[PDB]
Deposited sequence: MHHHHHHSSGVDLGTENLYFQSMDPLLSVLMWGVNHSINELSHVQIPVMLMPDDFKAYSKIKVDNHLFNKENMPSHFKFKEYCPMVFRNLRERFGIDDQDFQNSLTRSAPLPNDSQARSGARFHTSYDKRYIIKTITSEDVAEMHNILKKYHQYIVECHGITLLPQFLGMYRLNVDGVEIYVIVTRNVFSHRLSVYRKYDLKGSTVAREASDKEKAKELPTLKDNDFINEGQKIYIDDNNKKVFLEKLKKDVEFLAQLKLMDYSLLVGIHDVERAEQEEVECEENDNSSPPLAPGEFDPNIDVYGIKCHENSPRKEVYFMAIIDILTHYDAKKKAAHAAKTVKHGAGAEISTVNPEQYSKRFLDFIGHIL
């Protein structure tokens, strides 16, 4: 039995709300197709308990789910069963990753990112086009896989969150992480960041530290082909300031019934194995992140995309 308990009341409201949201959708027929109204829909719940369940849950909170029918259909197109999703988000509390905060589900399958109200407005502005793009690629994309979007209110605090699939593996640990833009201005981790023992390194760190990505020509072509189409989609929406998140798993260093270095490509959908000539056995996890910044909110989206694709193409 689950109680949704947490020291962080926002996590309790999130778990309660995802549990509630998924159960509610079990009482709503699955439509033949989404319609325009589903992209402006929401469900809001306001809870006020008095002297009830008062050690597991906050007594007064609100939970709002945006476009529930759309995100349910996106989960299906991404191969995610609603009961599994519900269990991953509620069986045990999500864990913080240390404004641009994220949590990971306890089973490391999903990311919960705190976003702004402007980000929520931009997601609504692109949701029809994004959903149609996901339909056309059959869910195979390097874009983030958006699975749910909520507003939480508890204790005088109001936050928005979006749930995505983890770019990294739910099982294989990542020992080096980069956030790449192709901009060449202030793209280097701080000495504070580099003191954590999993820093997020940036463009000039990837160059200066001699980072290589050893993937064979077949996989590189497939990857860069996918990247081009995904970025061209973002540029058409006038989006910019997105990154390539690159995570590297070291097979021989995690050592000290899947065999070493193996991963389920239907769960870890962004993994690519290294080529046979790599100096260490590695697995790479690469995807586009932070896509919600609109142009008119210097380089324009067209120039940004060409600089991004050029840089990623040069580093392989």
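Enquirer: Take the full deposited sequence, match it to the modelled residues, and report the stretches without C-alphas.
Expert: Holes in the chain trace, numbered from 1: 1-16, 115-119, 278-290, 332-351.
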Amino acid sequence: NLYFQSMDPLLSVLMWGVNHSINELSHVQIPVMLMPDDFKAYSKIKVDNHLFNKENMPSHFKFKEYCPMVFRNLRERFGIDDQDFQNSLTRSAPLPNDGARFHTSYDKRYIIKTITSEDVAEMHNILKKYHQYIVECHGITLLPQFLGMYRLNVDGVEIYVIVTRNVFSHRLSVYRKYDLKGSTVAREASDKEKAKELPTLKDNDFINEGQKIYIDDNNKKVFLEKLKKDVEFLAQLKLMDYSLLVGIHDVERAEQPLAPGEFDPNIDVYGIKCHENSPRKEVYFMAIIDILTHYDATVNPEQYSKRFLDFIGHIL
From here on, numbers count along this sequence of modelled residues.
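Take the two forms, superpose them, and find the largest set of C-alpha atoms that agree within 1.5 Å; that set is the rigid core.
Enquirer: Name the stretch, 108-116 or 198-206, whose C-alpha atoms sit farther from the shown form on average in 6 other deposited structures of this protein, taking the rigid core as the superposition reference.
Expert: When 108-116 and 198-206 are compared in 6 other deposited structures of this protein, the bigger C-alpha shift is seen for 198-206.
Enquirer: Comparing against the shown form in 6 other deposited structures of this protein, which stretch has the larger RMS C-alpha deviation after a rigid core superposition, 287-295 or 26-34?
Expert: Once the core is superposed, the stretch further away in 6 other deposited structures of this protein is 287-295.
Enquirer: In a third or more of the other compared PDB entries with flanking residues modelled, does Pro144 go missing?
Expert: That residue is present in all of the other compared entries.
Enquirer: Hey, does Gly99 drop out of the model in a third or more of the other PDB entries compared here?
Expert: Yes, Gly99 lacks coordinates in at least a third of the other compared entries.
Enquirer: Regarding 55-63 and 275-283, which shows the higher C-alpha temperature factor on average in the entry?
Expert: Higher mean C-alpha B-factor in the PDB entry: 275-283.
Enquirer: On mean Cα temperature factor in this entry, is 242-250 or 182-190 the higher one?
Expert: So the stretch with the higher mean C-alpha B-factor is 182-190.
Enquirer: Select one of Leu258, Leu34, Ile288, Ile45: the residue whose C-alpha shows the highest B-factor in the crystal structure entry.
Expert: Answer for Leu258, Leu34, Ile288, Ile45: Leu258, with the highest C-alpha B-factor.
Enquirer: By the CA temperature factor listed in this entry, which of these ranks top: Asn218, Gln132, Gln145, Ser169?
Expert: Highest CA B-factor of the listed options: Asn218.
Enquirer: By its CA B factor, does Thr298 count among the lowest, middle or highest third of the modelled residues in the chain?
Expert: For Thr298, whose C-alpha B-factor we compare with every modelled residue in the chain, the answer is the highest third.
Enquirer: Compare the C-alpha B factor of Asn208 with those of the other modelled residues in its chain, then answer lowest, middle or highest third.
Expert: For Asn208, whose C-alpha B-factor we compare with every modelled residue in the chain, the answer is the highest third.
Enquirer: If you rank the chain by CA B-factor, which third does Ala93 end up in: lowest, middle or highest?
Expert: CA B-factor rank for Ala93: middle third.
Enquirer: Could you say whether, by C-alpha temperature factor, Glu262 belongs to the lowest, middle or highest third of its chain?
Expert: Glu262: CA B-factor falls in the highest third of its chain.
Enquirer: Splitting the chain's C-alpha B-factors into thirds, which one does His103 fall into?
Expert: As the PDB entry reports it, the C-alpha B-factor of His103 lands in the middle third of its chain.
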